[PDB]
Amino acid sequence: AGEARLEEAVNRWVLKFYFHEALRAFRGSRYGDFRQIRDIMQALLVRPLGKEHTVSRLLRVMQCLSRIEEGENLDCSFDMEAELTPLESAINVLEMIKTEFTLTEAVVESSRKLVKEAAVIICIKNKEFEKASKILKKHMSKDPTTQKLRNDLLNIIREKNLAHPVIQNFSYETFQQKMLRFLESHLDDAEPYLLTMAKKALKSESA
């Protein structure tokens, strides 16, 4: 009863502390640490957290980042249906973020363009041309402002031109960091309670 209220409070503190450390690892390109921290958070989810809309946003972000971090591994499946590559799965999470964070198409569009682009190109690098075409056609926009990129890609899949500048100039690292940038902007900048108490406590000590 009370013991569960108290556990809830701690669990949320734990969750927020690790989320903060997960973003820091991600920002520092320490993806190994990111994944391990991600697993700790995954384990905490079966426990009572209560309600904060702060954690749902928190969790939607982790969700998207987790899929983006494993984006270059087409052996991974974050979904019921094996079909979905991690990035395709990231697109779906982004759509959930749009709806839940009540964001406009214009705001989510830039992010999305980057994820769709990355999804197609990673498939192309693995010469999963057929898969790249399907992803391109279902997701890719046909906007007048993206039609050239879409045509280049469609053509690259055509000739299987893995040597095309579009493919060679693609930086997954930059892609990842830009995505973190965007997702990060829908979160508060505060220091999680535990890190605060850890900075205090840690300086009780000395010498």
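Numbers for residues come from their place in the sequence shown, where the first is 1. Here the rigid core means the biggest group of C-alpha atoms that line up within 1.5 Å when the two forms are laid on top of each other.
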Name the stretch, 45 to 53 or 61 to 69, whose C-alpha atoms sit farther from the shown form on average in 7 other deposited structures of this protein, taking the rigid core as the superposition reference. 45 to 53
Between 21 to 29 and 182 to 190, larger RMS Cα displacement in 7 other deposited structures of this protein after core fit: 182 to 190
Between 33 to 41 and 47 to 55, the record assigns the higher mean Cα B factor to 47 to 55
Which has the higher mean CA temperature factor in the PDB entry, 166 to 174 or 140 to 148? 140 to 148
Could you tell me which third, lowest, middle or highest, the C-alpha B-factor of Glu69 occupies within its chain? lowest
Binned into thirds over the chain's modelled residues, the C-alpha B-factor of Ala190 lands in the highest
Which third of the chain does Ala82 land in by C-alpha B-factor: lowest, middle or highest? highest
Ranked C-alpha temperature factor of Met62 among modelled chain residues, by third: lowest
What third of its chain's C-alpha B-factors does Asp75 belong to: lowest, middle or highest? highest
